[PDB]
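If you use PDB author numbering, the sequence shown corresponds to residues 1 to 135, in order. Have a look at the structure below before the remarks.
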Amino acid sequence: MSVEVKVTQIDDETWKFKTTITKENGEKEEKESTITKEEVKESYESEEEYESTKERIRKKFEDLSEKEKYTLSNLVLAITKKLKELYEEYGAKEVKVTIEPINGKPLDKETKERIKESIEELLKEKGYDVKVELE
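Here it is as structure tokens:
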């Protein structure tokens with residue numbers, strides 16, 4: 001059950017996803033979906049837990065600027081919700097994610113390792129043991 005996800009931030013409230021699913025027997029599955037900031041916010045048990053989770057991811061990038069902490073923390077929440085849905089649909093224990101550059105600044109190695117850790121941490125806390133690989 002190969003899972004490859006392409007992430008494109010349309011705006012600061014919209015994230016577009018394109019996923020390719022490759023099964024062991026050769027069945028391929030091409031999918032598109034758009035997740036909004038409001039849908040990420042409403043997927044949490046409460047407004048308090050949503051803003052608490054957002055603070056934790058911001059704390060992962062305290063060395064970065066306020067604009068970058070705003071983009072990266074909300075980006076992690078969107079991708080985490082997506083990989084959460086994919087794990088409920090296919091049960092894959094490994095996902096490969098490719099993120100398009102946001103506002104003319106590609107992700108460097110330290111930021112990608114932090115994003116990977118943040119997503120895996122949020123997934124493991126909901127009982128989803130998923131290895132995230134960022135291309």
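The beta-carbon is built from N, C-alpha and C at its ideal position, and this holds for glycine as well.
Close beta carbons around residue i, own chain, < 7 Å, minus the five adjacent residues each side
i	result
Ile119	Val76, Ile79, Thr80, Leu83 and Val132
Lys37	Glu13 and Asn74
Delimiting residues of the beta strand (DSSP E) encompassing residue i
i	result
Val95	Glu94 to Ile99
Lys59	Segment: none, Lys59 is in no beta strand (DSSP E) and carries neither H nor E.
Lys28	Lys28 to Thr36
Residue i, DSSP secondary structure in three states
i	result
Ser73	helix
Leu134	strand
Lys23	coil
Other residues of its chain near residue i: CB distance less than 8 Å, five sequence neighbours each side excluded
i	result
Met1	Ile21, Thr22, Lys23, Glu24, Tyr90, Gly91 and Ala92
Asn103	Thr71
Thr34	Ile10, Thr14, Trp15, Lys16 and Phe17
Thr98	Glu4, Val5, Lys6, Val7, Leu134 and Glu135
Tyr44	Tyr50 and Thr53
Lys126	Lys84
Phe61	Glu68, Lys69, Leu72, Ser73, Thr111 and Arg114
Classification of residue i by the beta-carbon crowding that lies within 10 angstroms, buried from 16 upward
i	result
residue 209	The shown model of the chain, from 1 to 135, leaves out residue 209, and the question about it has no answer.
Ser73	buried
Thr19	buried
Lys54	buried
Terminal residues of the alpha helix (DSSP H) in which residue i lies
i	result
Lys124	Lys109 to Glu125
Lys6	It is not in any alpha helix (DSSP H) - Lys6 instead sits in the beta strand (DSSP E) that spans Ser2 to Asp11.
Close Cβ partners of residue i (< 6 Å) along its chain, the five nearest in sequence each way excluded
i	result
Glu29	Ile21
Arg58	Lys69 and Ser73
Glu49	none
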